[PDB]
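Breakdown of the fold
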Amino acid sequence: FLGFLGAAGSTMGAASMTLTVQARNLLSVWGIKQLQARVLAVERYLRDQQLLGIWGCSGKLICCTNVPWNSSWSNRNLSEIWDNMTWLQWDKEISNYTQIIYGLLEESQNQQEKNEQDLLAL
Amino acid sequence: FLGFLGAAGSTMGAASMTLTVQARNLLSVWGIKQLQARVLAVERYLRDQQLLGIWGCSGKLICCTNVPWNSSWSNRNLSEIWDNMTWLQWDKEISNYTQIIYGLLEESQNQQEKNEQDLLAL
Amino acid sequence: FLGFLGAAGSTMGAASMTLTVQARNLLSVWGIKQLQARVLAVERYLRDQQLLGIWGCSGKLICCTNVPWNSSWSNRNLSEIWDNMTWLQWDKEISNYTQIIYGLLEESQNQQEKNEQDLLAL
Amino acid sequence: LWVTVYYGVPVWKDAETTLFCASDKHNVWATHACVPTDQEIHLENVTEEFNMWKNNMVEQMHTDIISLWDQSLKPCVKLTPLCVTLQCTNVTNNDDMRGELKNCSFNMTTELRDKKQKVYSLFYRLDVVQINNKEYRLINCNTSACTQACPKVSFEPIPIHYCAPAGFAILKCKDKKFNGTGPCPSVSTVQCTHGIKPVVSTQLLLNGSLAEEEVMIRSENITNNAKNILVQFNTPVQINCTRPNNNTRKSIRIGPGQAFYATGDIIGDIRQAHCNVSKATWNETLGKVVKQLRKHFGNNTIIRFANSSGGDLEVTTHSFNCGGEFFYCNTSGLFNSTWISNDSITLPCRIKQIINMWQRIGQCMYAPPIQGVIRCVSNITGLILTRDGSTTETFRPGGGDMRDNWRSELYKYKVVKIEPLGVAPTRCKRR
Amino acid sequence: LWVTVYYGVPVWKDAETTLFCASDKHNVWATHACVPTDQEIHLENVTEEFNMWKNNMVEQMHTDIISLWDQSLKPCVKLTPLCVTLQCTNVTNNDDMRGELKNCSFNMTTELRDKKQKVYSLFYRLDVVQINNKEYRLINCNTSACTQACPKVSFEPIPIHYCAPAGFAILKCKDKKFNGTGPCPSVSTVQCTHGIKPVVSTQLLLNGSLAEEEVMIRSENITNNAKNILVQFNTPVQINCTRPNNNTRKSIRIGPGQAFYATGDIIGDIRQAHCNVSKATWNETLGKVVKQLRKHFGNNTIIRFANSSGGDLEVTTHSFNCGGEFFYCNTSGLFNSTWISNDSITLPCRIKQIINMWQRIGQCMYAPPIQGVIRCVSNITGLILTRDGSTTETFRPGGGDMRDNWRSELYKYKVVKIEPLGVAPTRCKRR
Ligand SMILES: *[C@@H]1O[C@H](CO)[C@@H](O[C@@H]2O[C@H](CO)[C@@H](O)[C@H](O)[C@H]2NC(C)=O)[C@H](O)[C@H]1NC(C)=O
Ligand SMILES: *[C@@H]1O[C@H](CO)[C@@H](O[C@@H]2O[C@H](CO)[C@@H](O)[C@H](O)[C@H]2NC(C)=O)[C@H](O)[C@H]1NC(C)=O
Ligand SMILES: *[C@@H]1O[C@H](CO)[C@@H](O[C@@H]2O[C@H](CO)[C@@H](O)[C@H](O)[C@H]2NC(C)=O)[C@H](O)[C@H]1NC(C)=O
Ligand SMILES: *[C@@H]1O[C@H](CO)[C@@H](O[C@@H]2O[C@H](CO)[C@@H](O)[C@H](O)[C@H]2NC(C)=O)[C@H](O)[C@H]1NC(C)=O
Ligand SMILES: *[C@@H]1O[C@H](CO)[C@@H](O[C@@H]2O[C@H](CO)[C@@H](O)[C@H](O)[C@H]2NC(C)=O)[C@H](O)[C@H]1NC(C)=O
Ligand SMILES: *[C@@H]1O[C@H](CO)[C@@H](O[C@@H]2O[C@H](CO)[C@@H](O)[C@H](O)[C@H]2NC(C)=O)[C@H](O)[C@H]1NC(C)=O
Ligand SMILES: *[C@@H]1O[C@H](CO)[C@@H](O[C@@H]2O[C@H](CO)[C@@H](O)[C@H](O)[C@H]2NC(C)=O)[C@H](O)[C@H]1NC(C)=O
Ligand SMILES: *[C@@H]1O[C@H](CO)[C@@H](O[C@@H]2O[C@H](CO)[C@@H](O)[C@H](O)[C@H]2NC(C)=O)[C@H](O)[C@H]1NC(C)=O
Ligand SMILES: *[C@@H]1O[C@H](CO)[C@@H](O)[C@H](O)[C@H]1NC(C)=O
Ligand SMILES: *[C@@H]1O[C@H](CO)[C@@H](O)[C@H](O)[C@H]1NC(C)=O
Ligand SMILES: *[C@@H]1O[C@H](CO)[C@@H](O)[C@H](O)[C@H]1NC(C)=O
Ligand SMILES: *[C@@H]1O[C@H](CO)[C@@H](O)[C@H](O)[C@H]1NC(C)=O
Ligand SMILES: *[C@@H]1O[C@H](CO)[C@@H](O)[C@H](O)[C@H]1NC(C)=O
Ligand SMILES: *[C@@H]1O[C@H](CO)[C@@H](O)[C@H](O)[C@H]1NC(C)=O
Ligand SMILES: *[C@@H]1O[C@H](CO)[C@@H](O)[C@H](O)[C@H]1NC(C)=O
Ligand SMILES: *[C@@H]1O[C@H](CO)[C@@H](O)[C@H](O)[C@H]1NC(C)=O
Ligand SMILES: *[C@@H]1O[C@H](CO)[C@@H](O)[C@H](O)[C@H]1NC(C)=O
Ligand SMILES: *[C@@H]1O[C@H](CO)[C@@H](O)[C@H](O)[C@H]1NC(C)=O
Ligand SMILES: *[C@@H]1O[C@H](CO)[C@@H](O)[C@H](O)[C@H]1NC(C)=O
Ligand SMILES: *[C@@H]1O[C@H](CO)[C@@H](O)[C@H](O)[C@H]1NC(C)=O
Ligand SMILES: *[C@@H]1O[C@H](CO)[C@@H](O)[C@H](O)[C@H]1NC(C)=O
Ligand SMILES: *[C@@H]1O[C@H](CO)[C@@H](O)[C@H](O)[C@H]1NC(C)=O
Ligand SMILES: *[C@@H]1O[C@H](CO)[C@@H](O)[C@H](O)[C@H]1NC(C)=O
Ligand SMILES: *[C@@H]1O[C@H](CO)[C@@H](O)[C@H](O)[C@H]1NC(C)=O
Ligand SMILES: *[C@@H]1O[C@H](CO)[C@@H](O)[C@H](O)[C@H]1NC(C)=O
Ligand SMILES: *[C@@H]1O[C@H](CO)[C@@H](O)[C@H](O)[C@H]1NC(C)=O
């Protein structure tokens, strides 16, 4: 056990076994200021959980999806990503490709929603 | 792309392909006004997410359920519902039966929650 | 229909028929007193949904896990728990074993998260 | 056996939280700081432990009744100019109401800053303190300035329901022999409480809720004489007030837009203000109280009711509000009896206009005169007794702490926190 | 390769947010506007970039320390009646404390509006301005009215912890050579900061946190002479205050419930208020400062310490609070030396009662007299220097901006926003 953000400097493979530690800490003059800090924490948490549900990843911490990895985003191989890079370094590399990936996941699930809707119709 | 509420005049079949657009827009003296509106937006969002959870539809935008359609709620066939009406016209038609269906979906899931629960005990 | 907390005195078997009754009632300077109570209910509800999500139980009122029931927590047989005890009596008996169970459920899910993630790449 | 997680189990823990008001001419405890109302579910086989003496609804209601009191007094007149020197003479110069009054003349500010105003008013002797037609001054003038009780807000208590937020429930004890503590066999989950009128009074619980079958004695520790005894009647004892005088309210413009309402003249029936309690009804009510009070001290003990020991006028008298004017009744003929194993009782009441209500110093209030004759019909639904520290037990009336008044209405209620996430063994196994 | 979504990745961005107070007799920065406290996690291989000069915690703490100051002054006396004409005579009519005082007599309001009160008080010459026994008036009377420093609230700073809300983290730089900017090899995630005492002072960082290994020089741009230099000591320099006089506080009732506390008499040791700094300890501390200060300007340069240039008394003097009474010490013997490649220093301090603390106009405060002798023990844990725009560099003391005082405590902390949603390639494929 490392603690909150303990694996920030750890490799992506090693830091992915402690996702629960960071996940559980995202939810919980000194009056309204302290009260609006709690409402901001809930709204920030709820819009992240909404994104997971839209991508079909609701209730999951590691969600393998159907969107293929465009090599333009990152040409590195798996060995030097999950064993040589940390999540802070990785976020810097793909910070500009984040929004195009988000749209790809959003539409891919929307296609899967109608694909399973038609399969159940038979 | 049409935008938020853009498919309001589109037929029910065409407007059901843009659910992610409306879903992501439901979450985001004079200081409580801003703050109390935010808390009410979070509360309303959680009420609709709770309903989907107790119907077995959590994390889904299109959720095919086990509740049969009585035809006393609407006698129209699928051709004239998903290709002629819009979601606003449809909403004004089954508004009377909304709480009848909302009770059947909850009851069906609860029975289905235990039939699957009793199946794992074998 | 017994109502909210109606099955509080019923046996654990009969009280489990009505989990949705209590579930839907957990969510819904004088303005701040009301406003701060609303925020407390939201973040109290979300912490329980987050716990279910990290155990692989999100969106389910009854969730089956892969954690075997250590007899140290309670050695009473299945017949004298679901037909003789009420939920209030049960909570007082396993109150001190609650946190160790919570850690086991969290450790059981992320083990299944990685095992399914590994098996899905084959 | 495997762990299975149930969400929504009917499990609750004791909790302290902020309950919001609900209610169904502005008021002190107005509906503008409350919510419209709309219910009760019987929880069978549930035996919960209540404690009316460590209940946080009582402590919160005390804060809220105070808070709505101050919030209703800020927007109206502050009587800083009323600290002038008063040249007061007697009204009668000779048993009547007029022997309680001083005819006080003073210079008052006008709506124009540079002009004065020689005015007079009839002040009760309880509100003026002599300075050494003598020279007097208002009593709460070296401690604070008296914000005038605003004439358009009423002191009449309206019922308020304290309703629990989401995730909490209010447990109501339906047991009819429930004293204040221990298990309660019959429990219910109410959305929120019955209408609790915040009647402010001492030594007597005016109006409110009666007992169901017999007079109930409720003390935190009946063997401790430092703890008040909250008696609750089963049949109310009706008490009738009056101020027979036909008062004449007079308006003085002490500034731009600010008016000071003064007693200009007093005519009519000049008998002292009094309350009437039926002598037969009160005697049989003390008989019921004594019968239920020998159960805690013995059958052969001597139950004696004496009158209040001493202290402030707010604690030695049945202080209350009736018709917008504040009374302070003696209640020494009510509590005067020794009990061994058409007629009426008249309680002489004084009246004050400068009120330090919530046992505080530095925040007074000037209750303006009420035009006309004041008449009053209330139910004595309880008592607050103190015991004296021998075969004779003496029970003097008590009070002072306003929380014991609302502790008598919130004794049956309890706030719990729902714990909907519970784990239990089952033959399940996740696939 | 396929996109796989990871929720909960340890990724953070820089953010500005509202950190809430936490703390472990009412205070100016009281615990009624804070939260009880309860922690530190070492983040290995993490090298974060800090910037103590564009840190928003410093800007927020300045707002909050001000906000708690005003919030603590509203409920107590406003001295509007103290703007009368004062007939002031000398106290000594001849080096002492009594040469700093004027014996001022004035008409004051009584608790009765129509009566006056011929009273007197000893006012410092720094608080009275002559009108042309001469005629004087209080200094902040054409700009505002002085809300009296409420006598039951203490000015003693209690440690406050600024704690980040959910979704945010506070990064703490554990590097011992970290000046104020650039990468920090050793970082930690604290739940929230160490107890930061809001000590308000100028030219000298009284109390607070020491450096770890050597005196630290911290400037936003060391080559820019318009930027203050925040020196931080490794060993504290103890400074002892005093006001030797035995003051006699006197109470004046200026209205109903309002009292004005005045200096009625002064007896005892009448030596001027002063602070003592050990001459040996201060000389070796400036030696350490000079050694660490030649690293930025050259080994052969001449480091000269001069005294404050000019301006307000709050900026030319070591302004601070000690024992509830506000001192203004010269510190011209502290900063007087030229450095080439048992004894004590006594700093004469003046005292004021009318305080415009946060470099503002229109909100003064009257600090009431403190009964008795005032004694003081503080640690000089830092400096605030300004450089003069040649082989000689002259470093005058600086200050004025209160943010540089708390910038010296929040230099090691940083607030980040957790970004828990990250995507990465993996051999997965959704089934
Ligand atoms: C109202 O004010 C008047 C003055 O404006 C007061 O009359 C004065 O009383 C003093 C004695 O205290 C005399 O010495 C003056 O000669 C009086 N002035 C007159 C009569 O013009 C009067 O007493 C005040 N009334 C009160 C305080 O009730
Ligand atoms: C304000 O004035 C009243 C009246 O003079 C003070 O109360 C009196 O106190 C003395 C001294 O204990 C008693 O002998 C009197 O009987 C008291 N009078 C009444 C009517 O109670 C009171 O103490 C003063 N308050 C302050 C804060 O000075
Ligand atoms: C107890 O309750 C009675 C009944 O509500 C109160 O008497 C009423 O007072 C209002 C306002 O003064 C009048 O408009 C009603 O006509 C009164 N009713 C009767 C039957 O007289 C009484 O004031 C309450 N006692 C208190 C508040 O001490
Ligand atoms: C309250 O009633 C009592 C009793 O009537 C009054 O006080 C006593 O009265 C009896 C005779 O009526 C006297 O023998 C006592 O000496 C009285 N005790 C006193 C005056 O202390 C009392 O005056 C009434 N009013 C108050 C305010 O107590
Ligand atoms: C306090 O007020 C008195 C008057 O109430 C002042 O005395 C007056 O002073 C003026 C000169 O400015 C004379 O012309 C008057 O004759 C005086 N009146 C008297 C003595 O009754 C006195 O100067 C004031 N004290 C102050 C301002 O400190
Ligand atoms: C309030 O009065 C003070 C004192 O007269 C004013 O400060 C003086 O300003 C003049 C003109 O610049 C200087 O010569 C004096 O040396 C100042 N005196 C002090 C003690 O600083 C001040 O300017 C006035 N404020 C306002 C807003 O009018
Ligand atoms: C620096 O810290 C010291 C120690 O806390 C402060 O001195 C204390 O002040 C309080 C309140 O005046 C006294 O009760 C303590 O007895 C003092 N301690 C000692 C050792 O003298 C000092 O005031 C602080 N310096 C400031 C705030 O400028
Ligand atoms: C602060 O100390 C300085 C230095 O002691 C004082 O000012 C100078 O003092 C020297 C000799 O002590 C004189 O030669 C200078 O002419 C003084 N300069 C002045 C008076 O401007 C100073 O008086 C002390 N106090 C303040 C408030 O500056
Ligand atoms: C830091 O890196 C070392 C190896 O370079 C590794 O052993 C260690 O686990 C890393 N730190 C953390 C917190 O994982
Ligand atoms: C991959 O990204 C490039 C831009 O970086 C884009 O032009 C291309 O269309 C993308 N390919 C796919 C299959 O999305
Ligand atoms: C409106 O109706 C027309 C045909 O009637 C359709 O082509 C169009 O898409 C509709 N508008 C929207 C926004 O879908
Ligand atoms: C349809 O609803 C009616 C009542 O409106 C009910 O009587 C009927 O049984 C329902 N149909 C079915 C198939 O259950
Ligand atoms: C209380 O217990 C009885 C039997 O002991 C049972 O029939 C009843 O249903 C229980 N109450 C509730 C609310 O279930
Ligand atoms: C059950 O819990 C006890 C601790 O009370 C522990 O010693 C035992 O090993 C546990 N049984 C298991 C893990 O099978
Ligand atoms: C005024 O009344 C008091 C009490 O009633 C009395 O003591 C006093 O003598 C009276 N003053 C007169 C008659 O002048
Ligand atoms: C109140 O009643 C309960 C249950 O009968 C009893 O245990 C308790 O002792 C009573 N209260 C007192 C103060 O005796
Ligand atoms: C009280 O009773 C007396 C006679 O005993 C009567 O004169 C008076 O009017 C009554 N007052 C009230 C308010 O009933
Ligand atoms: C009180 O007054 C009512 C009428 O208002 C009358 O019927 C009743 O008899 C009176 N009771 C007493 C005790 O004065
Ligand atoms: C209680 O009654 C006695 C006489 O019986 C009296 O002297 C005393 O003042 C009374 N106390 C009160 C009414 O508080
Ligand atoms: C007193 O209570 C009775 C019923 O017990 C009620 O009819 C009457 O109106 C009440 N009087 C009041 C509240 O003044
Ligand atoms: C009062 O003191 C000042 C400064 O100390 C002096 O200039 C003045 O002459 C003194 N007034 C006298 C002695 O009357
Ligand atoms: C502070 O230290 C960092 C790292 O050594 C350095 O890059 C930076 O220039 C220093 N600050 C200044 C103002 O030079
Ligand atoms: C400062 O030192 C002087 C002598 O140098 C001494 O008289 C005085 O008491 C000292 N004051 C303090 C506060 O140490
Ligand atoms: C300050 O005072 C302390 C005792 O309070 C004393 O031990 C110390 O030597 C003094 N130091 C200076 C520099 O005056
Ligand atoms: C600095 O010292 C000089 C003399 O050395 C003095 O004239 C000047 O007033 C001082 N400035 C201050 C203390 O601000
Ligand atoms: C000064 O710091 C020392 C330790 O460096 C400490 O023992 C002493 O109490 C401090 N003096 C204060 C805070 O007055």
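Residues numbered from 1 in each chain as written, not as in the entry; some residues may be left out. Chains lettered and ligands numbered in written order. Part of a larger assembly, values for the part shown. Heavy atoms only, no water.

Structure determination for this PDB entry was carried out by cryo-EM, with a resolution of 3.4 Å recorded in the header.

Some thoughts on the overall build of chain D
The secondary structure content of chain D amounts to four helices and 29 strands. Along the first, second and third principal axes, the C-alpha atoms of chain D reach 95 × 60 × 35 Å. Taking all 431 residues of chain D together, the buried fraction comes to 57%. If you sum the accessible surface of chain D, you get close to 18,400 Å²; carbon and sulfur atoms cover 44% of it. Between the averaged position of the 48 positive side-chain charges in chain D and that of its 37 negative side-chain charges there is a distance of 3 Å. (Helix = DSSP H or I, 4+ residues; strand = E, 2+ residues; numbered from the N terminus. Buried < 20%, exposed > 50% of the residue type's maximum accessible area, 1.4 Å probe, protein only. Areas by Shrake-Rupley, 256 points an atom, 1.4 Å probe, with all protein chains shown as cover. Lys, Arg positive; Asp, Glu negative; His and termini not counted. Charge placed at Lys NZ, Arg CZ, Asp CG, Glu CD.)

A word on the sheet that holds strand β13 (residues 187–190) of chain E
Strands pair in a sheet through their backbones, by hydrogen bonds, and they do so in one of two ways: parallel or antiparallel. Residues and elements named next belong to chain E. Taken together, five strands build an open sheet; the order of strands is β2-β28-β11-β13-β3 and the sheet is antiparallel. Two strands close off the open sheet at either side, each with one partner strand: β2 (12–14) and β3 (40–43). Sheet twist, expressed as the average angle between the axes of neighbouring strands with direction ignored, equals 40°. The pairing of β3 with β13 spans four bridges and is antiparallel. (Pairing = 2+ DSSP bridges. Axes fitted to C-alpha atoms, helices over the stretch in contact; angles between N-to-C directions.)

Examining the interface of chain E and chain A
Frequently, the measure chosen for interface size is the accessible area removed from exposure when the parts meet. Contact residues are listed per partner, giving 51 residues for chain E and 58 residues for chain A. In total, about 4,800 Å² of surface goes out of reach between chain E and chain A, with carbon and sulfur atoms giving 68% of it. Counting the surface chain E buries against chain A, the share from its top three residues, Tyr7(E), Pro10(E) and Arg430(E), is 19%. Between the two partners, chain E and chain A, sit 20 residue pairs in polar contact. Elements with a minimum of two residues in the side of chain E that touches chain A: β1 (2–7), β2, β3, α1 (56–71), β11 (168–173), β28 (413–418) and β29 (421–426) of chain E. In the side of chain E that touches chain A, the residues fall into 32 nonpolar, eleven polar and eight charged. Across four bridges, the pairing between strand β1 (residues 62–68) of chain A and β1(E) is antiparallel. (Contact = heavy atoms within 4.5 Å. Buried area = accessible area lost by both parts, 1.4 Å probe. Polar contact = N/O pair within 3.5 Å; in protein donor to acceptor, adjacent residues only side chain to side chain. Nonpolar A, V, L, I, M, F, W, Y, C, P; charged D, E, K, R; others polar.)

A short note on the environment of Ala23(C)
Examined against the element boundaries, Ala23(C) turns out to sit in helix α2 (residues 19–23). Taking the C-alpha atoms as reference points, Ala23(C) and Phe4(C), separated by 19 residues in sequence, lie 9.3 Å from one another.

Considerations on the state of the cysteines
Here a disulfide denotes a covalent bond joining the sulfur atom of one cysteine to the sulfur atom of another. Within the structure shown, the criterion is met by 24 disulfides over all chains. Disulfide partner of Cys83(D): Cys141(D), at an S-S distance of 2.0 Å. Owing to a relative accessible area of 1%, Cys141(D) belongs among the buried residues under this scheme. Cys63(B) supplies the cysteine sulfur nearest to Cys64(B), a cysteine that is in no disulfide, at a spacing of 6.9 Å. A relative accessible area of 37% places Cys64(B) in the partly exposed class. (Disulfide = S-S within 2.5 Å.)

Some points on the interface of chain D and chain C
Each partner contributes to the interface: chain D provides 45 residues, whereas chain C provides 59 residues. Interface of chain D and chain C: buried area, both sides summed, is about 4,600 Å²; carbon and sulfur atoms make up 68% of it. Viewed at the interface, chain C and chain D are joined by two salt bridges. A salt bridge links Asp91(C) to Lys13(D), with the nearest nitrogen and oxygen atoms 3.4 Å apart. Taken together, the links from chain D to chain C amount to 19 residue pairs in polar contact. For the side of chain D that touches chain C, the secondary-structure elements that each account for two or more residues are β1 (2–7), β2 (12–14), β3 (40–43), α1 (56–71), β11 (168–173), β28 (413–418) and β29 (421–426) of chain D. Residue composition of the side of chain D that touches chain C, grouped by class: 27 nonpolar, ten polar and eight charged. (Salt bridge = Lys/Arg side-chain N within 4 Å of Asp/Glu carboxyl O.)

Describing the pattern of salt bridges
Residue and element names in this part refer to chain D. This model, assessed by the stated rule, comprises 51 salt bridges over all chains. A salt bridge links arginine 271 to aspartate 269; its shortest N-O distance comes to 2.7 Å. Owing to a relative accessible area of 36%, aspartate 269 belongs among the partly exposed residues under this scheme. The salt bridge involving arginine 387 is made with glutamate 393; its shortest N-O contact spans 2.8 Å. The residues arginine 387 and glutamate 393 share a single accessibility class, namely buried. Via salt bridges that share partners, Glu59, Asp401, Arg403, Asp404 and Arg407 belong to a single interconnected network.

Examining the site of ligand 15
All names here are of chain D. In the vicinity of ligand 15, the contacting residues are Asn90, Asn93 and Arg125. The side chain of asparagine 90 places a nitrogen or oxygen atom 2.3 Å from an oxygen atom of ligand 15. Here an oxygen atom of ligand 15 and a side-chain polar atom of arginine 125 are 3.2 Å apart. Contact with the protein chains removes 31% of the 360 Å² of surface that ligand 15 exposes when unbound. (Near = heavy atom within 4 Å.)

Regarding a nonpolar patch on the surface
On the surface, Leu78(B), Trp82(B) and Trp87(B) cluster together into a nonpolar patch covering about 320 Å² of accessible area. Along the chain, the position of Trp82(B) falls in helix α4 (residues 79–82). (Patch = residues over 30% accessible without salt bridge, like charges linked within 9 Å, V, L, I, M, F, W, Y side chains within 5 Å.)

Here's the deal with helix α2 (residues 279–293) of chain E
Along its 15 residues, α2(E) runs 20 Å from first to last C-alpha, staying within 8% of the 21 Å computed at 1.5 Å per residue. Here α2(E) has its buried residues at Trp282(E), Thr285(E), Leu286(E), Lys288(E), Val289(E), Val290(E), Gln292(E) and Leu293(E). (Expected span 1.5 Å × (residues − 1).)

Some points on the environment of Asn103(D)
Residue and element names in this part refer to chain D. Along the polypeptide, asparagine 103 turns up in strand β6 (residues 101–109). On a C-alpha basis, the gap between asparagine 103 and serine 121 in space is 6.0 Å, while along the polypeptide they are 18 residues apart. For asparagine 103, the residues in contact, after removing those within four places along its chain, are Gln87, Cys88, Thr89, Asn90, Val91, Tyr120, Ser121 and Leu122.

Describing the sheet that holds strand β25 (residues 365–366) of chain E
Read across the open sheet, the three strands follow the order β10-β25-β24 (chain E); overall the sheet is mixed. Each of the sheet's edge strands pairs with one partner strand only, and the pair in question is β10 (147–148) and β24 (354–355) of chain E.

Quick word on the pairing of strand β17 (residues 258–268) of chain E
All names here are of chain E. For strand β16 (residues 229–255) and β17, the ladder comprises ten bridges, and the chain directions are antiparallel. The residue of β17 that forms the bridge with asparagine 246 is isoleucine 267. Here β16 folds back onto β17 in antiparallel fashion, the turn holding two residues, of which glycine 257 has a positive phi close to 85°.

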